[PDB]
């Protein structure tokens, strides 16, 4: 897998295909993409963008750490899963975040992906909550200090 920087606009197709296929494309244009210091990473394989991840500074009231970042739009295309594409994006992001002096990376994880974040060393906090139309979620975080 080759990890490369990508632009916000480059994430919309895979966000739409994988995460929000039953919603208008506008639902994939996350307002958080326009928050200060937002960045995006792409995983490329065989000449195709096959994994995406987006990060921006956001301090969660129920997590402790002076500087925190949120992960949004984590997705790998069917056919290209189980190749460490997603893990490679998260590890590369952790280097960028550690260099920026971030203390923590968090995500409102789909529960169906909780085991992925667990394998990457994330812990769960709090309770499962539902967010229609995209289902049960759980706050997960990884301290990177």
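Positions refer to the first chain, counted from 1.
K.L.:
Where do the C-alpha atoms have the higher mean temperature factor in this entry, in 11-19 or in 124-132?
P.N.:
Taking the mean B-factor of the alpha carbons in each, 124-132 is higher.
K.L.:
Look over 27-35 and 52-60 in the entry and identify the one with the greater average Cα temperature factor.
P.N.:
Higher of the two, by average CA B-factor, is 27-35.
K.L.:
Between 83, 66, 70, 76, where does the Cα B-factor run highest in the record?
P.N.:
Checking the PDB record, the top C-alpha B-factor among 83, 66, 70, 76 is at 66.
K.L.:
Going by the CA temperature factor in the PDB record, which third of the chain does residue 92 belong to: lowest, middle or highest?
P.N.:
It belongs to the lowest third of the chain when residues are ordered by C-alpha B-factor.
K.L.:
What third of the chain, by the recorded C-alpha B-factor, contains residue 1?
P.N.:
For residue 1, the deposited C-alpha B-factor lands in the highest third.
K.L.:
How does the C-alpha B factor of residue 118 compare with the rest of the chain: lowest, middle or highest third?
P.N.:
As the PDB entry reports it, the C-alpha B-factor of residue 118 lands in the middle third of its chain.
K.L.:
Split into thirds by Cα B-factor across the chain's modelled residues, where does residue 100 land: lowest, middle or highest?
P.N.:
It falls in the top third of the chain.
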